[PDB]
*Asks:* 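This is the structure I have questions about; it appears just below.
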Amino acid sequence: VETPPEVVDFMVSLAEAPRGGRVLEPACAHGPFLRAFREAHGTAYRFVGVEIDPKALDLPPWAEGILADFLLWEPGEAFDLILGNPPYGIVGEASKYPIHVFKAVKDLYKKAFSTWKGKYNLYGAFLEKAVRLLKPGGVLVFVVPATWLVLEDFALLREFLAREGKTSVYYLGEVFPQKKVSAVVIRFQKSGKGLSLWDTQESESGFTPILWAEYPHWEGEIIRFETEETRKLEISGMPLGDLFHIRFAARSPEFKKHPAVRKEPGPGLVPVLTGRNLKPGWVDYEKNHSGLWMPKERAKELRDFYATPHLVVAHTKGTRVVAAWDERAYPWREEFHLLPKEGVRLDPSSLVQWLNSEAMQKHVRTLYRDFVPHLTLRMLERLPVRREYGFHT
DNA sequence: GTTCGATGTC
DNA sequence: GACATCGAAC
Ligand SMILES: NCCSC[C@H]1O[C@@H](n2cnc3c(N)ncnc32)[C@H](O)[C@@H]1O
């Protein structure tokens, strides 16, 4: 893993430390951020790098190198500036997740980090740890995935940043060659409050920040790229989540162990549907993408709502809104399943048309860009629906 | 119950 | 780029 030099340069441009200040690069390897900071600001700082792998630690003699797990490291003194690119990844079983440690080590991380939630991620733990290691008024500059802007797993992290200091977020996007990740830079200072959101433009000269919006009273809410138009559309109708209960499909292991489920087609059996069966405005009931089949009538044993025709919205087609009415009421292995709340009247056909409309695709692309390869529940529940498509009694 | 991906594989 | 994970995680 390397950080492109124009990304390093941009981050160094955002970094500051007082003369003689302590400057730290977590997960440093050969210390590219220490080196770049020194080149730009000179030698009158105490440079420290922390690296877990002895094969990777390779700092110049002007820096102190410590062999340690940064996440469990307890230095004698706090830092003025912490900068770098922390490891990204979920800690879990190797068949499914990339970061592999003893359960005991994962337990130490959970104990250490107040922001740890759900499956979480090393990059969230690195951010929390770094903030904890800052002196009052100290500065952190990290490049990390954009996913914490919007995802529930990072709610405690966002709330923590919001209360611990002031935050600037600079959208970069997919700037790591051969890595599929949309990135942001966070500049956090352990004083003051509020959020500033910035776009960037890349030129030969490097990255230039462009101020997008300011939220001086940010308390850790989801971060979005709002515009006059997104606001105007959001007040035009009721949030979709006010009209529907939003549920998810039963998961693959639930179907795989169910006695009614088969691995081959046969009389009275239908495919268990996936996102590949869902298209804008229609459902493919014939093709099998899950490897699983079952009697339609037994689908309700997995989720009661599989018995009832209802609206289905895609989760893993990227940041877009893809919807269809499941008229037949089939078993699904994937996607959101929307059930009208009490007193809600709908025009399924018109609502589906609206959800699939170009206006709606632009809306979610503006707000959430490419932070995650999904439409998530928190995005979906806020989609505006005017009373002509769906209206609450 | 439902979340997430330095995504996985074409 | 198309077209989406799918199951261990809680
Ligand atoms: N800063 C470059 C991306 S992160 C990759 C580097 O972080 C190191 N690393 C991974 N986990 C670490 C941890 N918990 N503490 C310190 N270094 C770590 C790796 O050994 C590798 O050199």
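First the proteins, then the strands, lettered A, B, ... as listed; each starts at 1.
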*Asks:* Is C/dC6 a north or a south sugar when classified by the sign of torsion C1'-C2'-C3'-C4'?
*Replies:*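 Taking the sign of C1'-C2'-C3'-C4' as the criterion, C/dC6 has a south sugar, on the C2'-endo side.
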*Asks:* Check every strand shown and say whether A/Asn277 touches a base, only sugar-phosphate, or nothing at a heavy-atom separation below 4.0 Å.
*Replies:*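 Nothing, no heavy atom under 4.0 Å.
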*Asks:* So what does A/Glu254 hit on the nucleic acid, given a heavy-atom distance under 4.0 Å: a base, only sugar-phosphate, or nothing?
*Replies:*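 Base contact - A/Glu254 has a heavy atom under 4.0 Å of at least one base atom.
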*Asks:* Separation of A/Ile90 atom CD1 from B/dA6 atom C1', in whole Å?
*Replies:*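 Computing the A/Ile90:CD1 to B/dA6:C1' distance gives 12 Å.
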*Asks:* Any side-chain N or O of A/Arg251 below 4.0 angstrom from OP1/OP2 of B/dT3?
*Replies:*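 No, outside the criterion.
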*Asks:* So does A/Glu301 pair up with A/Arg298, basic N to acidic O under 4.0 Å?
*Replies:*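 Yes, charged N to carboxylate O under 4.0 Å.
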*Asks:* So what's B/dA6 paired with, Watson-Crick or G-U wobble, going by both distances under 3.5 Å?
*Replies:*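 Answer to the pairing question: none, since B/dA6 forms no Watson-Crick or G-U pair.
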*Asks:* Which residues satisfy the side-chain contact (heavy atoms from CB on, under 4.5 Å) test with A/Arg378, sequence neighbours excluded?
*Replies:*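 Residues passing side-chain contact (heavy atoms from CB on, under 4.5 Å) with A/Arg378: A/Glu152, A/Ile222, A/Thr376, A/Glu381.
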*Asks:* Is the distance from OP1 or OP2 of B/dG5 to the nearest side-chain N or O of A/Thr147 less than 4.0 Å?
*Replies:*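 Looking at the OP1 and OP2 atoms of B/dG5, one of them is under 4.0 Å from a side-chain N or O of A/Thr147.
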*Asks:* On a whole-Å scale, what distance lies between the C1' atoms belonging to B/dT2 and B/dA6?
*Replies:*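 About 24 Å, rounded to a whole number of Å.
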*Asks:* Sign of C1'-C2'-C3'-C4' decides it: give me the sugar pucker of C/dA4, north or south.
*Replies:*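 It is north, as the sign of the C1'-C2'-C3'-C4' dihedral turns out positive.
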*Asks:* Using a 6.0 Å distance limit plus a 45 degree cone around the ring axis, check whether A/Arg328 lies over the aromatic ring of A/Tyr285.
*Replies:*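 Positive - A/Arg328 is close enough to the ring of A/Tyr285 and near enough to its axis.
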*Asks:* Output the rounded distance in Å from CG (A/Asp370) to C1' (B/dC4).
*Replies:*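 Nearest whole value for this atom pair: 16 Å.
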*Asks:* Give one of base, sugar-phosphate or nothing for A/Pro86, where a contact means two heavy atoms less than 4.0 Å apart.
*Replies:*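 The answer is base, as A/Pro86 lies within the cut-off (heavy atoms under 4.0 Å) of a base atom.
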*Asks:* Nearest 0.5 Å please: distance from the OG1 atom of A/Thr147 over to the NE2 atom of A/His374.
*Replies:*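 Rounded to the nearest 0.5 Å, the OG1-NE2 separation comes to 11.0 Å.
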*Asks:* A/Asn277 vs A/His289, test: side-chain contact (heavy atoms from CB on, under 4.5 Å). Steps then yes/no.
*Replies:* CA-CA 8 Å; A/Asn277 293 95; A/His289 301 282; 3.5 Å; yes
*Asks:* Are A/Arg158 and A/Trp148 in a cation-pi contact, defined as NZ or CZ under 6.0 Å from the six-membered ring centre and within 45° of the axis?
*Replies:*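 No - A/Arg158 does not lie over the ring of A/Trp148 by the 6.0 Å and 45° rule.
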*Asks:* Would you say a side-chain N or O of A/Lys119 is under 4.0 Å from OP1 or OP2 of C/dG7?
*Replies:*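 Answer no for this pair, as no side-chain N or O of A/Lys119 is under 4.0 Å from OP1 or OP2.
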*Asks:* Is the number of heavy atoms from other residues, nucleotides or ligands under 6.0 Å of A/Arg320 CZ greater than 12?
*Replies:*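 No, because the 6.0 Å sphere around CZ of A/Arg320 holds 12 heavy atoms or fewer from other groups.
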*Asks:* Near DNA chain B, which residues from residues 298-308 of chain A have a heavy atom under 4.0 Å away?
*Replies:*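 Heavy-atom contacts with DNA chain B come from A/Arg303.
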*Asks:* Are A/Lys110 and C/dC10 close enough that a side-chain N or O sits under 4.0 Å from OP1 or OP2?
*Replies:*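 For C/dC10, OP1 or OP2 has a side-chain N or O of A/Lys110 closer than 4.0 Å.
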*Asks:* Does the cation-pi check pass for A/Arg187 over A/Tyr170, that is, NZ or CZ under 6.0 Å from the six-membered ring centre and within 45° of its axis?
*Replies:*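 Here A/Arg187 fails the 6.0 Å and 45° test against A/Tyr170.
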*Asks:* Ignoring hydrogens and angles, answer whether the base of C/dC6 and the side-chain atoms of A/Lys96 contain a donor-acceptor pair closer than 3.5 Å.
*Replies:*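 Result: at least one qualifying N/O pair found.
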*Asks:* To the nearest angstrom, how far is A/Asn121 atom CG from B/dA6 atom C1'?
*Replies:*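 Going from CG in A/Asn121 over to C1' in B/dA6 covers 10 Å.
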*Asks:* Which of these nucleotides, B/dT3, C/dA4, C/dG7, is closest to any side-chain atom of A/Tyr97?
*Replies:*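 Selected nucleotide: C/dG7.
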*Asks:* When you measure from the side chain of A/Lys106, which nucleotide among B/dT7, C/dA9, B/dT3 comes out closest?
*Replies:*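 Nucleotide nearest to A/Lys106's side chain: C/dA9.
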*Asks:* Sort out for me which residue in A/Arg22, A/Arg19, A/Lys135 forms a salt bridge (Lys or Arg N to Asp or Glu O under 4.0 Å) with A/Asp80.
*Replies:*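 Result for salt bridge (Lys or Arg N to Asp or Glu O under 4.0 Å) with A/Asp80: A/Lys135.
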*Asks:* Would you say C/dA4 has OP1 or OP2 under 4.0 Å from some side-chain N or O of A/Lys180?
*Replies:*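 Result: no.
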*Asks:* If you assign each of A/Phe248 and A/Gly318 to its closest nucleotide in DNA chain C, which residue comes earlier from the 5' end?
*Replies:*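 Whichever sits nearer the 5' end wins; that is A/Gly318.
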*Asks:* Distance check needed: C/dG7 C1' versus A/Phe255 CZ, whole Å only.
*Replies:*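 Value for this atom pair: 14 Å.
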*Asks:* If I take atom CG in residue A/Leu122 and atom P in nucleotide B/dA6, what distance separates them, rounded to the nearest angstrom?
*Replies:*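 My rounded result for the distance is 10 Å.
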*Asks:* Please give the distance between the P atoms of B/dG5 and C/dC3 as a whole number of Å.
*Replies:*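 The answer is 23 Å between these two P atoms.
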*Asks:* Where the side chain of A/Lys179 is concerned, which of C/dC6, B/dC4, B/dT7 is the nearest nucleotide?
*Replies:*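 Out of C/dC6, B/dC4, B/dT7, the nucleotide with an atom closest to A/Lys179's side chain is B/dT7.
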*Asks:* Rounded to whole Å, please give me the gap between CZ in A/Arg378 and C1' in B/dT2.
*Replies:*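 About 12 Å, once rounded to whole Å.
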*Asks:* Could you state the CG-P distance from A/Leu278 to C/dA4, rounded to the nearest angstrom?
*Replies:*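 Rounding to the nearest Å, CG of A/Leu278 and P of C/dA4 are 8 Å apart.
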*Asks:* C/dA4 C1' sits how many Å from A/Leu375 CG, rounded?
*Replies:*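 It is 14 Å, rounded to the nearest whole Å.
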*Asks:* Nearest of C/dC6, C/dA9, C/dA4 to any side-chain atom of A/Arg333?
*Replies:*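 So the side chain of A/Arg333 is nearest to C/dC6.
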*Asks:* Assuming nearest nucleotide by heavy-atom distance, tell me which of A/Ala250 and A/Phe371 is located more 5' along DNA chain B.
*Replies:*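 Whichever sits nearer the 5' end wins; that is A/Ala250.
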